[PDB]
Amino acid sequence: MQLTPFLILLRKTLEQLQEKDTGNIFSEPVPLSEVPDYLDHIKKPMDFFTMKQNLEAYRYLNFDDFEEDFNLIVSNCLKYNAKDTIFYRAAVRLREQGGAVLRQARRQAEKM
């Protein structure tokens, strides 16, 4: 694990985003065994574990690329699930609570 201020900030931000997912429903890839048609509709699955692996492999080089993968967690969920579902309501909540986390983190990244 390589240590730079930027990577430490992304590590901290990822932890703050996962803290908002109190049910851990976005912690790991959507289980394709339970959902055989998921890849028919979703082109780029995303979850917080995949993000952590991307981060630890030093594959997020800028804040934009990190935030883009977070936005996929949300947008994939809203796309696949009906509005009256626990998952869709959870994605809406994550979008709201995670947006405030990202705003403050992005401001700190811009000063690097």
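Only the largest set of C-alpha atoms that superpose within 1.5 Å between the two forms is called the rigid core. Numbers follow the displayed sequence, beginning with 1.
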Looking at C-alpha RMS in 8 other deposited structures of this protein with the core superposed, is it 41 to 49 or 56 to 64 that drifts more? 56 to 64
Per the PDB entry, mean CA B-factor is higher for 32 to 40 or 83 to 91, namely for 32 to 40
Of the three thirds of its chain by CA temperature factor, lowest, middle or highest, which one includes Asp69? lowest
Ordered by C-alpha B-factor within the chain, which third holds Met46? Give me lowest, middle or highest, please. middle
Taking only the Cα B-factors deposited for this chain, tell me whether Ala105 sits in the lowest, middle or highest third. lowest
